[PDB]
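>>> turn this into a model:
(one chain, ligands or ions: 1)
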Amino acid sequence: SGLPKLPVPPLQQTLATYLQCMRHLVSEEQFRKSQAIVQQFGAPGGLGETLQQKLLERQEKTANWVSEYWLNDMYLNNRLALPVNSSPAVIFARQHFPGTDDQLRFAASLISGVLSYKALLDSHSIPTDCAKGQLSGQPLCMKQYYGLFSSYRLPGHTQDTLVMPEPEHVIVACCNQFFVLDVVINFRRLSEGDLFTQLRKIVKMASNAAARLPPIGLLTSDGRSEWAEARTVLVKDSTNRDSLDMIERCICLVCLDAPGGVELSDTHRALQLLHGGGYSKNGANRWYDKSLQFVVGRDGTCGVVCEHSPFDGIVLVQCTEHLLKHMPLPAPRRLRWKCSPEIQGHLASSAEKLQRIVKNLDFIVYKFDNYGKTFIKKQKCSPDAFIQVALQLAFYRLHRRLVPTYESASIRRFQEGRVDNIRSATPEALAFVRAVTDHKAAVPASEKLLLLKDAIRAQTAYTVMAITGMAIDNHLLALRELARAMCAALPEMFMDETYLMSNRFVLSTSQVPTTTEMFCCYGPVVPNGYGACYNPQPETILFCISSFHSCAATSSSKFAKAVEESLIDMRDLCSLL
Ligand SMILES: CC(=O)CSCCNC(=O)CCNC(=O)[C@H](O)C(C)(C)COP(=O)(O)OP(=O)(O)OC[C@H]1O[C@@H](n2cnc3c(N)ncnc32)[C@H](O)[C@@H]1OP(=O)(O)O
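Numbers count the residues shown, from 1 in each chain. Below, you will see the structure:
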């Protein structure tokens with residue numbers, strides 16, 4: 001690989017940055033105890049320097065010293081059910097399908113797009129991406145592509161595990177029934193015309209009452225430990241091993257959803273993609289372990305549910321946008337399943353667990369249309385920095401406090417680079433939000449403007465630092481797991497209540513820009529948090545906001561309102577004179 005290896009930040013740089021990031025997010029007392037804790041950990045000849053030495057060694061022996069640690073910490077270790085908690089959804093524009101054939105024609109074409117896109121992939125014919133935005137021109141890592149269709153996430157009791165065959169095939173799910181659709185014989189990739197024909201056969205078969213099998217997919221929408229256990233039960237029978245193996249070895253799935261009941265709003269269409277609406281809608285017409293699940297609903301609701309561990313939103317969207325821009329026949333096989341009274345019980349639990357997730361998701365698509373990048377650029381500001389500050393102002397004006405915030409910073413500059421964290425809850429953002437919201441202080445508007453720019457200055461400074469591998473989250477993560485390898489009892493540095501708080505991201509954000517008329521979204525990462533995915537355009541900014549109804553403190557409608565208001569105030573501050 002001609003790409004640089006992810007840098008190893010100097011120990012003292014990270015420890016200083018660490019403390020600086022949290023000072024204003026914890027009490028004075030607690031902060032004093034942490035300074036002391038950090039001081040000892042980072043003292044000369046201390047424990048910190050010892051771990052750093054191990055890290056430099058690991059760096060030299062590996063391609064990317066955090067891939068393993070990060071992949072397990074961020075996704076494989078998480079026990080929450082994938083729907084909403086982990087697996088994001090990309091929603092395509094609304095389609096219009098008068099007759100079933102219009103739905104199946106779409107699905108056929110889409111599948112042909114997948115095939116040829118997998119061809120370019122297999123022949124490394126895909127053009128190597130370059131940076132754009134913040135520090136642009138350099139080559140980017142492409143490894144994430146080659147994870148799009150070649151992955152499956154196996155459940156495990158405490159830790160999940162991430163992952164050619166012949167014939168090559170896709171699994172088509174209709175009416176919660178799973179079918180095997182071979183798409184490539186001997187490098188012969190079926191015609192869009194024959195794929196259509198095969199799909200009509202599946203739809204017909206999935207409508208036979210005497211053959212209808214139990215909704216096994218439902219099992220994959222359950223907590224990872226629960227699915228690991230129920231799968232252990234299935235594995236006892238040979239017929240189930242077989243079908244599971246088939247699902248495990250497919251390219252992706254193609255879900256032919258039944259007509260959704262509600263209105264086809266952007267919000268409702270997204271709900272359908274995130275969780276399918278529960279077991280009574282399309283909630284079982286899935287298999288979350290698989291990487292990509294392309295949805296082609298009868299009514300026109302389409303998109304693709306994605307299993308996060310193998311790749312991130314940027315890569316996914318380029319493939320997706322490429323897919324859409326592109327846009328003797330044996331019968332398809334139906335996967336068999338041999339259920340027992342055990343499985344019947346498990347399907348019941350999953351059904352109830354999945355209903356809570358659907359019942360608990362408070363989601364909304366907000367499109368800000370007063371202005372976009374263009375206006376922001378006219379203020380000598382980074383659109384993303386501006387938007388990140390906007391979100392801080394929204395959280396504070398609504399909740400009266402700032403909280404540890406997360407923002408996906410892509411590090412694909414380096415080998416196997418995924419992402420590091422940009423902590424937007426800066427001290428300069430606290431001073432800005434306090435000046436704007438504290439009426440009593442009567443801070444002059446000209447002063448608010450200064451603080452606004454200073455805030456946008458710190459966000460951009462952290463961003464630059466994060467995308468160049470000099471941030472602090474991955475670094476600390478690596479130091480933590482190395483120490484654990486030394487002794488199961490972690491140092492006080494990582495048992496400190498301060499370190500623990502810094503990682504509960506009550507505000508989890510990311511940017512997924514797209515040229516098309518599609519958008520990305522996902523659930524919060526903590527019970528009392530928000531999920532904010534935005535798409536900044538020249539004149540608009542699309543906000544996808546999520547939170548949990550279980551937390552009386554959060555509200556996606558109120559937060560969206562608060563974002564609008566924050567963007568308006570900032571436009572006003574910038575239009576003074
Ligand atoms: C499953 C999922 O979906 C979740 S996974 C997460 C997926 N997303 C990511 O990983 C985020 C990837 N993006 C990055 O890492 C970026 O570096 C981040 C940190 C988001 C920053 O994005 P950027 O593209 O740099 O945005 P930003 O600088 O604000 O805006 C870029 C434009 O804003 C301009 N600009 C920046 N500072 C400016 C300034 N001071 N004055 C005038 N213009 C400025 C840039 O020149 C650029 O112009 P153009 O390309 O539109 O012609």
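
>>> how about the residue in the stretch 101-250 of the chain positioned nearest to the ligand, phi and psi?
As assessed by CB to the nearest ligand atom, the ligand sits closest to residue 133 within the stretch 101-250 of the chain, at 2.1 Å. (Each C-beta comes from the backbone N, C-alpha and C, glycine too.) Reported as degrees, to the nearest 10, the phi and psi values for residue 133 are phi 80, psi -100.

>>> ok, for it, nearest residue in space, not its chain neighbours?
In this structure, residue 133 finds its nearest non-sequential neighbour in residue 384, 7.4 Å apart by CB to CB, 6 or more residues apart in numbering.

>>> need the three-state assignment for that neighbour.
Following DSSP: H, G, I helix; E, B strand; the rest coil, we place residue 384 in the helix state.

>>> check which helix or strand covers the closest residue to residue 340 other than its chain neighbours.
Nearest in space to residue 340, with sequence neighbours left out and distances taken as CB to CB, 6+ apart, is residue 233 at 7.5 Å. Secondary-structure assignment from DSSP states H and E places residue 233 in helix 224-234.

>>> spell out which parts of the stretch 101-250 of the chain neighbour the ligand.
With CB under 6 Å from any ligand atom as the criterion, the stretch 101-250 of the chain comes near the ligand at residues 132-134.

>>> could I get those as TSV with neighbour count?
Formatted as TSV, the entries for these read as follows, by neighbours: other CB atoms under 10 Å:
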residue	neighbour count
132	10
133	13
134	16
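
>>> show me where the stretch 201-350 of the chain has strands.
If you assign secondary structure with DSSP state E, counting those that start in this stretch, the strands in the stretch 201-350 of the chain sit at 253-255, 292-296, 302-306, 333-334.

>>> can I get those strands in JSON lines with distance to residue 218 and mean neighbour count?
What follows is the strands of the stretch 201-350 of the chain, written out as JSON lines (distance: least, CB to CB, whole Å; neighbours: other CB atoms under 10 Å):
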{"stretch": "strand 253-255", "distance to residue 218": "13", "mean neighbour count": "27"}
{"stretch": "strand 292-296", "distance to residue 218": "14", "mean neighbour count": "26"}
{"stretch": "strand 302-306", "distance to residue 218": "15", "mean neighbour count": "27"}
{"stretch": "strand 333-334", "distance to residue 218": "17", "mean neighbour count": "17"}
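
>>> the ligand: which of the ones you listed is closest?
Comparison of the strands of the stretch 201-350 of the chain against the ligand by CB to the nearest ligand atom identifies strand 302-306 as nearest, at 6.5 Å.

>>> please see if the closest one touches the ligand.
No: using CB under 6 Å from any ligand atom, strand 302-306 never reaches the ligand; the gap is at least 6.5 Å.

>>> just give me the residue right at the centre of this protein.
Nearest residue to the geometric centre of the chain (CA atoms, centre = their mean): residue 88, 4.6 Å.

>>> wait, that residue touches residue 306, no?
Yes: applying CB atoms under 8 Å, one finds residue 88 in contact with residue 306, separated by 5.4 Å.

>>> intersection of neighbour lists for the two?
With contacts defined as CB atoms under 8 Å, 6 or more residues apart in numbering, the residues shared by residue 88 and residue 306 are residue 316.

>>> got the domain boundaries for this protein?
1-63+365-577, 64-364 (curated CATH domains).

>>> helix/strand/coil for residue 407?
In terms of secondary structure, residue 407 is strand; the call rests on three-state DSSP.

>>> what is the neighbour count of the residue in the stretch 201-350 of the chain positioned nearest to the ligand?
With CB to the nearest ligand atom as the measure, residue 313 is the residue of the stretch 201-350 of the chain nearest to the ligand, at 2.3 Å. Residues near residue 313, counting by other CB atoms under 10 Å, number 24.

>>> just to check, it is in contact with residue 520?
Yes: counting by CB under 8 Å, residue 313 does reach residue 520; the two are 5.3 Å apart.

>>> next, count neighbours for residue 290.
For residue 290, the tally of surrounding residues (other CB under 10 Å) stands at 22.

>>> hey, what's it bridged with?
Beta-bridge partners recorded for residue 290 (DSSP bridges): residue 152.

>>> so it is in contact with residue 307, correct?
Yes: counting by CB under 8 Å, residue 307 is a contact partner of residue 290 at 6.5 Å.

>>> now do the shared contacts for the two.
Residues touching both residue 290 and residue 307 by CB under 8 Å, 6+ apart: 151, 153.

>>> for residue 229, see how far away residue 273 is.
Here residue 273 is placed at a distance of 27 Å from residue 229 (CB to CB, to the nearest Å).

>>> what's the local residue count around the residue nearest to residue 133?
When counting by other CB under 10 Å, one arrives at 24 neighbours for residue 384.

>>> how about residue 327?
Summarising burial for residue 327: neighbours were counted as other CB under 10 Å, giving 11.

>>> now swap in residue 552 and tell me
By other CB under 10 Å, 7 other residues sit near residue 552.

>>> do I have it right that residue 37 meets residue 494?
No: when contacts are counted by CB under 8 Å, residue 37 is not listed as touching residue 494 (9.5 Å).

>>> residue 302 is in contact with residue 95, correct?
Yes: using CB under 8 Å, residue 95 makes contact with residue 302 at a distance of 5.6 Å.

>>> and residue 178, helix, strand or coil?
Strictly by three-state DSSP, residue 178 counts as strand.
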